[PDB]
> 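Take this structure first; my questions come after.
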Amino acid sequence: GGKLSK
Amino acid sequence: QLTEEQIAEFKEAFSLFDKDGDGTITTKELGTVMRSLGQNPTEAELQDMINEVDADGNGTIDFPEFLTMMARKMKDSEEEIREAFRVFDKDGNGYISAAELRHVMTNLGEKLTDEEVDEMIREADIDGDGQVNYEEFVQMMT
Ligand SMILES: *C(=O)CCCCCCCCCCCCC
Ligand SMILES: [Ca+2]
Ligand SMILES: [Ca+2]
Ligand SMILES: [Ca+2]
Ligand SMILES: [Ca+2]
């Protein structure tokens, strides 16, 4: 949906 | 640390594996997901995998164990990332397009608005060309 890891 | 948006994303990803929604991921469910991604694990290989994440050894994967596994973002193989990239880059041109990402989401049985697919592409895109090349794919999970 929006993000994951750095 | 682990953002709340990540917990949201990982909870959604978890629902992609837990087909029946019984709160646990089984080897059968892991098998269908992997086959939908062009893979083909054997019963034993599938069982070995669940094991490498089955904290309480009960045989199945619960969200806590899945969240835990995902927490292992500290990892970073150039052939393991490579196969992952390949499932997405279907035409093999070195760039994952919104349409290709959509196709994999579809096989995984996930319904997303075009806007949602553009967004996923957006957060992974680095150069701004609107696509995800190998270099950006890697950084996306390390
Ligand atoms: C936002 O909507 C959440 C993103 C969900 C993507 C699910 C992908 C999980 C399956 C792994 C496939 C990639 C191959 C290693
Ligand atoms: Ca299940
Ligand atoms: Ca378990
Ligand atoms: Ca491509
Ligand atoms: Ca790009």
Side-chain angles (χ1 to χ4, degrees), chain A residues 1-5, chain B residues 2 6-8 10-37 39-47 49-74 78 81-110 112-122 124-142:
Chain A
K3 70 161 73 67
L4 293 177
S5 179
Chain B
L2 180 71
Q6 279 171 290
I7 294 174
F10 295 141
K11 167 64 176 184
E12 179 55 46
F14 185 81
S15 74
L16 292 192
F17 288 70
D18 177 35
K19 303 297 180 186
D20 51 37
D22 76 337
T24 57
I25 300 177
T26 61
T27 55
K28 288 187 285 294
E29 298 178 311
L30 178 57
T32 89
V33 169
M34 284 177 81
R35 285 187 290 276
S36 70
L37 293 176
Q39 304 306 301
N40 188 58
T42 72
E43 69 293 298
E45 300 179 315
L46 286 168
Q47 273 181 150
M49 297 169 81
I50 299 294
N51 192 66
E52 290 186 300
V53 189
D54 185 27
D56 70 319
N58 73 327
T60 53
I61 304 307
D62 52 42
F63 184 58
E65 300 177 299
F66 185 88
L67 205 179
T68 288
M69 163 194 79
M70 300 303 259
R72 261 55 289 190
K73 278 292 184 180
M74 61 127 260
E78 287 290 306
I81 302 296
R82 192 63 205 181
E83 185 53 65
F85 186 72
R86 286 208 294 283
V87 331
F88 283 103
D89 183 30
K90 287 163 298 296
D91 62 31
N93 76 329
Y95 296 90
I96 299 172
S97 61
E100 291 179 310
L101 176 59
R102 164 174 287 301
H103 291 329
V104 176
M105 291 304 100
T106 293
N107 281 301
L108 285 173
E110 173 74 70
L112 294 159
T113 70
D114 291 356
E115 291 63 64
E116 296 164 356
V117 170
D118 287 0
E119 190 56 57
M120 295 184 277
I121 292 294
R122 188 157 298 131
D125 187 24
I126 296 179
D127 48 31
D129 67 344
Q131 296 204 282
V132 182
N133 68 9
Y134 190 52
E135 184 62 88
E136 313 173 311
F137 185 69
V138 182
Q139 303 197 187
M140 179 193 75
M141 48 204 265
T142 57

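Just follow the structure's listing: the first ligand is 1, and inside any ligand the first atom is 1. Per chain, numbering begins at 1; letters A, B, ... match sequence-line order.
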> Heavy-atom count around B:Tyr95 OH within 6.0 Å, excluding the residue itself: above 12?
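12 or below, so no.
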> Report yes or no: does B:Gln139 contribute a side-chain atom to a donor-acceptor pair with the main-chain N or O of B:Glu136 at less than 3.5 Å?
no
> Does B:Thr24 bring an N, O or S atom to under 3.0 Å of the Ca ion (ligand 3)?
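False for B:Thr24.
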> With a cut-off of 3.0 Å, does B:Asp54 place any N/O/S atom under that distance from the Ca ion (ligand 3)?
yes
> Taking the N/O/S atoms of B:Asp56 one by one, which is nearest to the Ca ion (ligand 3)?
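Result for B:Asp56 and the Ca ion (ligand 3): OD1.
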> Taking the Ca ion (ligand 3) as the vertex, how big is the angle to OE1 in B:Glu65 and OD1 in B:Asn58, rounded to 10°?
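For OE1 of B:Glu65 and OD1 of B:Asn58, the angle centred on the Ca ion (ligand 3) reads 160°.
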> Calculate the angle formed at the Ca ion (ligand 5) by OD1 in B:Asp127 and O in B:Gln131; 10° precision is enough.
150°
> Kindly determine whether B:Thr68 and B:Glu65 satisfy side chain to side chain donor-acceptor pair (under 3.5 Å), including the steps that lead there.
CA-CA 5 Å; B:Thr68 288; B:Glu65 300 177 299; over 6 Å; no
> OD1 (B:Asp22) to the Ca ion (ligand 2) to OE1 (B:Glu29): angle, nearest 10 degrees?
150°
> Quick check: closest heavy atoms across B:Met105 and B:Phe88, and the distance to 0.1 Å?
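Nearest heavy atoms, B:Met105 then B:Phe88: CE-CE2, 4.2 Å.
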> By atom name, which N, O or S atom belonging to B:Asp129 lies closest to the Ca ion (ligand 5)?
OD1
> State the atom name: nearest N, O or S atom of B:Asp125 to the Ca ion (ligand 5).
OD1
> Nearest 10°: the angle subtended at the Ca ion (ligand 2) by B:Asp20 OD1 and B:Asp18 OD1?
80°
> Can you tell me if B:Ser15 and B:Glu12 form a side-chain donor-acceptor pair at under 3.5 Å?
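The answer is yes; a qualifying pair exists.
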> Hey, does the side chain of B:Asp114 reach the backbone of B:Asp118 with a donor-acceptor pair shorter than 3.5 angstrom?
no
> Below 4.5 Å, heavy atoms only, C-beta onward: do B:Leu108 and B:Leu37 meet side chain to side chain?
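Heavy-atom side-chain distance check passes, below 4.5 Å.
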